[PDB]
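Chains as they are written, first to last, in my numbering: chain F, 1 to 139; chain P, 1 to 139. Shown next, in structure tokens, is the structure this report addresses.
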Ligand SMILES: Nc1ncnc2c1ncn2[C@@H]1O[C@H](COP(=O)(O)O)[C@@H](O)[C@H]1O
Ligand SMILES: Nc1ncnc2c1ncn2[C@@H]1O[C@H](COP(=O)(O)O)[C@@H](O)[C@H]1O
Ligand SMILES: [Zn+2]
Ligand SMILES: [Zn+2]
């Protein structure tokens, strides 16, 4: 899977990513074509393609991780006032990487975003990791 | 809550909706301003506002229900080839109803959708309910 799927390769540590979150089942990385700074992908470590073949428990967990990252962005040095959470199920819904995943796109009041390059993704990653660490400390 | 929040009112049976799904914790209804036919909102029966105050278990479950509706749309007479799942967390992310909810927007190959009126929402509801009933029978 690692040699044929870029998200499997990243999960296996065989392809590069700016990683911001990881647990037993999910990996959160920065998108390489961010809509906004801190645009994050939540990627189940098991390869399935979309909503037709992904266990509900995986979709459920992916959403929960997405929430955690959303909360972090809102308290982070990226100054998020909100977030768009998205799953693009199938090619007709804009799917281009055929390993299921969920987007967390940080938003800011008056950002005039319409639905793609971050001047310093490493900084955005560091800010999100610091915010996630802070949420962890508070619990 | 029912008199001050339109989604609470719908959950309480105090305001109209075309309902397509219901369990102990969630209600799925047709959006009144659909992006596509069968555009569905999944609404937790408990009122919370966004990702900052909604229990993770609720976000997780909302996503699972959204998946079920997505799968139904794909096998339905609305002919969905895919779906966009969205949560708009906060006003900065386009939130306009301040009771947390999740969008399932059916998509079709070559539909040229860009991110709003259904000629027959009752028909779209009937088609989704029939597809959901069919998924239930298969399990
Ligand atoms: N190697 C990669 N690392 C990080 N993000 C990626 C990589 N390849 C593709 N993406 C992103 O994954 C998303 C896939 O699109 P979609 O399938 O519509 O969610 C896009 O936003 C891409 O920019
Ligand atoms: N009474 C209602 N019944 C069904 N859908 C509604 C109603 N009022 C608002 N909506 C929809 O709820 C969504 C709220 O926007 P957002 O908060 O961005 O998800 C919009 O797509 C509205 O068209
Ligand atoms: Zn994969
Ligand atoms: Zn409410």
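Ideal Cβ placement from N, Cα and C applies to all residues, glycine included.
Item                                                                                                                                                                : Value
Going by C-alpha distance, which of P/94, P/130, P/78 is nearest residue 110 of chain F?                                                                            : P/94
Would you check if the distance between the CB atom of residue 43 of chain F and the CB atom of residue 30 of chain F is smaller than 8 Å?                          : no
Helix, strand or coil for residue 139 of chain F, going by three-state DSSP, please let me know.                                                                    : coil
Looking at residue 87 of chain P and residue 104 of chain P, is the spacing between their C-beta atoms short of 8 Å?                                                : no
Hey, is residue 49 of chain F's beta-carbon within less than 8 Å of any beta-carbon in chain P?                                                                     : no
Taking Cβ-Cβ distances shorter than 7 Å, what residues in chain F pair up with residue 67 of chain P?                                                               : 51, 56, 59
Report whether the distance from the Cβ of residue 149 of chain F to the nearest heavy atom of ligand 1 is below 7 Å.                                               : An answer regarding residue 149 of chain F cannot be provided, because it is not within the stretch 1 to 139 covered by chain F.
Could you tell me if residue 67 of chain P is buried or exposed, where buried requires 16 or more neighbouring beta carbons within 10 angstroms of its beta carbon? : buried
For residue 74 of chain P, does the three-state DSSP call read helix, strand or coil?                                                                               : helix
Report yes or no: is there a C-beta of chain P within less than 8 Å of the C-beta of residue 142 of chain F?                                                        : With chain F running from 1 to 139 in the structure shown, residue 142 of chain F is simply not present.
Flag residue 97 of chain F as yes when its Cβ comes closer than 7 Å to any non-hydrogen atom of ligand 2, and as no otherwise.                                      : no
Nearest chain F C-beta to residue 116 of chain P closer than 8 Å, yes or no?                                                                                        : no
So with Cβ pairs under 8 Å, would you call residue 84 of chain P a contact of chain F?                                                                              : yes
Taking 7 Å as the cut-off, does the CB of residue 26 of chain F come closer than this to any heavy atom belonging to ligand 3?                                      : no
Residue 87 of chain P versus chain F: which residues are under 7 Å apart at the beta carbon?                                                                        : 85
At which residue ranges does the region 58-128 of chain P contain complete beta strand (DSSP E) runs of 3 or more residues, listed in the order of the chain?       : 82-89, 102-107
At a threshold of 7 Å, does residue 101 of chain P count as lining ligand 4 (C-beta to nearest heavy atom)?                                                         : no
Would you list, in sequence order, the uninterrupted alpha helix (DSSP H) runs of no fewer than 4 residues that lie entirely inside the region 12-51 of chain P?    : none
Mind checking whether the beta-carbon of residue 41 of chain P lies closer than 7 Å to any heavy atom of ligand 2?                                                  : yes
Which of helix, strand or coil does DSSP assign to residue 55 of chain F?                                                                                           : coil
Work out the CA separation of residue 108 of chain P and residue 19 of chain F for me, nearest whole Å.                                                             : 33 Å
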